[PDB]
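# Close look at the chain arrangement
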Amino acid sequence: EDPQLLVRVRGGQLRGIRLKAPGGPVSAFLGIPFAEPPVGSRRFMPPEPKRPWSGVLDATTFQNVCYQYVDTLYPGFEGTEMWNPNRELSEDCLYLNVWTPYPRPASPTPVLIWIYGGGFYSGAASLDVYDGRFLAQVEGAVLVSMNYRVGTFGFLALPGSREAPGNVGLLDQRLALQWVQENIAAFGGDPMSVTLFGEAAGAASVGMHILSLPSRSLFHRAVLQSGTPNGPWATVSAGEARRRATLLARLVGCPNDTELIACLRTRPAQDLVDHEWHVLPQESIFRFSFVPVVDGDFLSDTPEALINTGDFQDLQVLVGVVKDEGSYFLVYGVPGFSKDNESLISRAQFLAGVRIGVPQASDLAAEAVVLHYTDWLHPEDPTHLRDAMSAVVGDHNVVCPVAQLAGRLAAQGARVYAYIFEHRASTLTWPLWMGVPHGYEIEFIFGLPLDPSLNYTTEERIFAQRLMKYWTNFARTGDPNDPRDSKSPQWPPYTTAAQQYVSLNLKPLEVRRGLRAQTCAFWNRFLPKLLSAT
Amino acid sequence: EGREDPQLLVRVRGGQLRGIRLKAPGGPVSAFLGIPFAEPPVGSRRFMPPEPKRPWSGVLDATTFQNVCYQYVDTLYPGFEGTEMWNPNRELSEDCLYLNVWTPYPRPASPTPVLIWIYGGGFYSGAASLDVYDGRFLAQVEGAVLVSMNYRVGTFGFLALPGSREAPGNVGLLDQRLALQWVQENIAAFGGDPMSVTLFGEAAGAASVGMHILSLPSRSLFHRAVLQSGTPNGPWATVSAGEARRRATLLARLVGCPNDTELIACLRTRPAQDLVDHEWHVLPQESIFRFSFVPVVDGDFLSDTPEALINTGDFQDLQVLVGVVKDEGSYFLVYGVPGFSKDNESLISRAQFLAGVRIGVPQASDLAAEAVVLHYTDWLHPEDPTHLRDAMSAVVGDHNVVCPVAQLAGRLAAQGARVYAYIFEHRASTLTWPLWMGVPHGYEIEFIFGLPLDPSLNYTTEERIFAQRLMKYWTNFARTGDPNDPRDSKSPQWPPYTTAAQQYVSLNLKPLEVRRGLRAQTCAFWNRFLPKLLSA
Ligand SMILES: CCCC(=O)SCC[N+](C)(C)C
Ligand SMILES: CCCC(=O)SCC[N+](C)(C)C
């Protein structure tokens, strides 16, 4: 028995496993329960803290993935399967993972907490791209990641009901956060320095914790990668959640909220997932059925209302986008688009893809979108039409929501740093036309290219090392700049006036001004006026 | 008594004329100024279509310019060259229907291509007698026969009670058409070729050219057309029958005239100056680049809207040259936008910008106006007074001239025409307008007419070489339907404008440069989106 691999936490003893990382050993503690399994009558309910255990709990292995839809668009294809569940599916999934340096850090170390994405309908802390070993070994970080409930199980709401109050997947995340405060010191973590970070739905989750008071006493800094609490996909109204939950209940034969929810509890997990996608009001892409709900509790108003009116003066935020946020999503519903060809579309196909990409758009607003993204020098060129369709989806769903958030936080006294991620991995299996798709910066931030067996280039290892530094420098200090290394250019803070951000690629940092400024004025200032008059 | 210059005595349908031998840098030219082409439209003939001039006896002296048509005279900056050069330079009178002819001296032996000029001035002003419209240089250097006519403006030209007999509308256009008929019958007496006639005009002159293209009885009177900074389509060049009736009866009320016969009869008893004094009071909004009395869609001269006629016409047999200057709008800003002046740099605020947009785009609802503002803001420096000043100029420029031109070039090209497109980018060294105004509306004209060739005018040597170039493009086009010099292969070519390639050339001191797309992105907003936005 290795004594470095034994830890006493409040609920009892744990045994971890020593992992090798290219530069040396790390301690992993995998599959630690942080809550009572949310099963049977506990389905749809706020999580309860895990009861203590006797003896030494085996924490050498990943636990089950929360029950979720499994992707079947391209069976066997690495570019999709890499996001699919890599352990067994179970409703019993409230577990977290901790990586630390080996030996256990002598003094308290900044803690990074990862929250995965998956549109609130999927994800798992156990995926290869979320491997905490590299950041633990190189930067000396304590990395934590949790499972949280997705789809119906995490976000089905009958607002105002005691038995399905909404947002329980966020409350799972909150409980893991409280677990870190109570327990991370035992691992050599510093509970007084906790940085949240996430991508996509995970970034929106981080944003929601910023906007929810009881969560604010559990972290100090935040990183939001390609996702925001504001925007078209991240929240629903109470009225709209009620509709979807009762619609899903009709689809599975149920049944007075008590009656309805009691009947939903008798249903096998897969019965619920089977119909999960049949409750959306429109034919759409980048929209998900069960997401955080504006309940007047976890979220006391809309993310929009809360970001305009908040005080973020003692807050540091790192925020950014990848180069081609929307390309990924096009193949999941827009006619004319596939990974197996060049996807050169017609104008007809472009107009029709806009209605699906902006499902809430009226006739007028859609043509405003089309007219705005057309190249009037080459109105019918199939390459521009394809790239523009990709741009429509990325801008509406990520880039412009991100620009809006960055501006509001900076204005409201926060310290903001912004980026665009432009390097496409040499090992990427998606076609070239997709460029740098939603999700493909994660493997670099986590430092995977340092594994020589993964076949990344030498340049990409040096790059991964740069990014791992910006991220942990940010966690340590609230500033991603190397505090003892000189060299201009420095990464400047994002401000509403200058709007400075940096590009992250193989070349040294470049400072740019204005994050799709003209285009986002269309989505953030004009389009709302056009809909609030139809 | 037969001691006068044998080369200055010419006979026309109406009788004998005596012209004058003028001096031009390269040699003498022949000028026949103030030839009457219509009965004077006075008294019971006010508002009425023109009647052909009745023949005179003996030799009519045609050695001086005639009266300028009664009109509003500019008083914004009195004594200032920038405005005075456009002001009337002869007595104002309703007796004003005269044309002018310039020809080589001696008159050419072989039939010579004819250029006809139609002046601008918003349909409320202008005169063929102004220094910038001097035909002597095109006549001497290019051997051209040049003709310019006076036509009625303001109320006298365009006040209309549509449907009536006594004031049918578009009579100023009918003056222009009568002078075109006069050229057909008479120009051969001067050595001109009636079978090669090219119309050309700037601003409202350009729009007039365009209306002659769209009006059937005019089409047989000319062969080629040049439209400078103006178009028959767009927001200012025409009005509906209903709106023209509205403006006419309002004018009547304001001057003491409270059945159309009765109302027109009372209008005809008012002094000319009273009508002018009240002209501007009938505009529906506070505005710039809008004029009270313009061509009307009467179902007669214009069988439908200019917009409809360019969309459905067959233009296979048409050659057209069209273009714009670099800063079409800047001129108009000092005549009504709070914040703007010729005597300072006119740096403005956001508030002043939004306020100016309501004036510059007077027909816009609140939604459309924020569309304009949001589109023209630079969101990296949304409060920079220099950018805001320039965007304001661009808004008015784009909406009134540049995008109507782009629509015109596109529709004619799609409908079979041969179109050549330019942007004129050279600021005259002699300009008295402040630098911020760039190259304003109207300041290519002096170059096309070759004024820099006159040494007493203080233009630079490069400006002479440049004026000579443009005179060649313009007259090659008149001659052949093609601006390019058949000999010169080394010189860069001017390609036709098409829908697929959208090619046009820059006109400056440097050799021709081909650019693609005529404010394509921005003009898509004005021509495609805005209409659809105003339809709700
Ligand atoms: C270049 C156009 C000049 C005018 O609009 S004149 C109008 C001036 N006023 C309204 C005072 C009569
Ligand atoms: C006072 C010099 C400014 C100019 O060059 S005026 C033309 C403005 N703009 C270049 C924006 C069209």
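Residues numbered from 1 in each chain as written, not as in the entry; some residues may be left out. Chains lettered and ligands numbered in written order. Heavy atoms only, no water. Residues with missing side-chain atoms left out of burial classes, pairs and counts.

In terms of helices and strands, chain B carries 17 helices and 18 strands. Here chain B has a C-alpha radius of gyration of 23 Å; the compact-globule value for 536 residues is 24 Å, and the two agree. (Helix = DSSP H or I, 4+ residues; strand = E, 2+ residues; numbered from the N terminus. Rg over C-alpha atoms; globule rule 2.2 N^0.38 Å.)

The subject of this paragraph is the UniProt feature "disulfide bond" in chain B. Between B:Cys257 and B:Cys266, where UniProt places a disulfide bridge, the two sulfur atoms sit 2.1 Å from each other, close enough for the bridge to exist in this structure. Taking the relative accessible area as the measure of exposure, B:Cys257 reaches 1% and is therefore buried. (Disulfide = S-S within 2.5 Å. UniProt positions renumbered as here; feature names shortened; annotations may be inferred. Buried < 20%, exposed > 50% of the residue type's maximum accessible area, 1.4 Å probe, protein only.)

In this section: the site of ligand 1. All names here are of chain B. Taken together, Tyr72, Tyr124, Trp280, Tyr331 and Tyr335 make up all the residues around ligand 1. Compared with its free state, where it exposes 390 Å², ligand 1 has 66% of that area covered by protein. Class assignment of the residues belonging to the shell around ligand 1 gives a composition of 5 nonpolar, no polar and no charged. (Near = heavy atom within 4 Å. Areas by Shrake-Rupley, 256 points an atom, 1.4 Å probe, with all protein chains shown as cover. Nonpolar A, V, L, I, M, F, W, Y, C, P; charged D, E, K, R; others polar.)

Let us look at the site of ligand 2. Ligand 2 sits among B:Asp327, B:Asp390 and B:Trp436. Protein chains bury 48% of the 380 Å² of accessible surface belonging to ligand 2 in isolation.

Given 3.6 residues per helical turn, the α-helix brings residues three or four places apart onto the same face. For helix α17 (residues 520–534) of chain B, with 15 residues, the first-to-last C-alpha span of 21 Å sits near the 21 Å given by 1.5 Å per residue. Buried within α17(B) are the following residues: B:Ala520, B:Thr522, B:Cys523, B:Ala524, B:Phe525, B:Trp526, B:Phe529, B:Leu530 and B:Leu533. Buried-residue contacts for α17(B) involve α12 (363–373) and α16 (517–531) of chain A together with α13 (366–376) and α14 (385–414) of chain B. (Expected span 1.5 Å × (residues − 1). Contact = heavy atoms within 4.5 Å.)

Once that is clear, we can look at the packing of α14(B) against α17(B). All names here are of chain B. Packing of α14 against α17 leaves a shortest axis separation of 9 Å and a crossing angle of 85°. By the angle class used here, α14 and α17 are roughly perpendicular. Residue-level contacts link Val395, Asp398, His399, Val402, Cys403, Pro404, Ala406 and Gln407 of α14 to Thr522, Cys523, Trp526 and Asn527 of α17. (Axes fitted to C-alpha atoms, helices over the stretch in contact; angles between N-to-C directions. Parallel < 35°, antiparallel > 145°, perpendicular 65-115°, else oblique.)

Residue and element names in this part refer to chain A. The strand order across the open sheet built from 3 strands is β1-β2-β5, with neighbouring strands paired in mixed fashion. Of all the strands in the sheet, just β1 (6–9) and β5 (56–58) have a single pairing partner and so form its edges. Each strand of the sheet is rotated relative to its neighbour by a mean of 35°, with strand direction disregarded. (Pairing = 2+ DSSP bridges.)

Each side of the interface is counted separately: chain B has 21 residues, and chain A has 22 residues. For the pair chain B and chain A, the summed buried surface comes to about 1900 Å²; carbon and sulfur atoms form 64% of the total. Looking at the side of chain B facing chain A, the largest losses of area belong to B:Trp379, B:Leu380 and B:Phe529, adding up to 34% of the total buried there. Linking chain B to chain A there are 1 salt bridge. (Buried area = accessible area lost by both parts, 1.4 Å probe. Salt bridge = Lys/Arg side-chain N within 4 Å of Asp/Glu carboxyl O.)

Here we take up the pairing of strand β18 (residues 513–516) of chain B. All names here are of chain B. With 4 bridges joining them, strand β17 (residues 503–507) and β18 adopt antiparallel strand pairing. From the neighbouring strand, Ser506 faces β18, where its bridge partner is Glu513. Between β17 and β18, which pair antiparallel and follow one another directly, the connecting turn spans 5 residues.

Below, the discussion takes up the pattern of salt bridges. In this structure the tally under the stated criterion is 42 salt bridges over all chains. For A:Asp395, the salt bridge identified is with A:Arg516, shortest N-O distance 3.0 Å. With A:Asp395 in helix α13 (residues 382–411) and A:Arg516 in the loop between β18 (510–513) and α16, the pair connects residues that are 121 residues apart, well separated along the chain. Overall, the relative accessible area of 2% leaves A:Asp395 in the buried class. Note that B:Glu39 and B:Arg45 form a salt bridge whose closest N and O atoms lie 3.6 Å from each other. Residue B:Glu39 is classed as buried on the basis of its relative accessible area of 9%. Taking relative accessible area as the criterion, B:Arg45 reaches 26% and is therefore assigned partly exposed. Through salt bridges with shared partners, a single ionic network connects B:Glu39, B:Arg45, B:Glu51 and B:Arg54.

Residue and element names in this part refer to chain A. Taking the pair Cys66 and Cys93, which UniProt gives as a disulfide, the gap between the sulfur atoms is 2.1 Å, short enough to count as bonded. Remark: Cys93 occurs in the loop between β7 (89–90) and β8 (95–101) and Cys66 occurs in strand β6 (residues 65–66); sequence separation between them is 27 residues. The buried category is assigned to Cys66, whose relative accessible area is 2%. Between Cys254 and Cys263, where UniProt places a disulfide bridge, the two sulfur atoms sit 2.1 Å from each other, close enough for the bridge to exist in this structure. With a relative accessible area of 8%, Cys254 lands in the buried category. Given the relative accessible area of 15%, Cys263 is considered buried.

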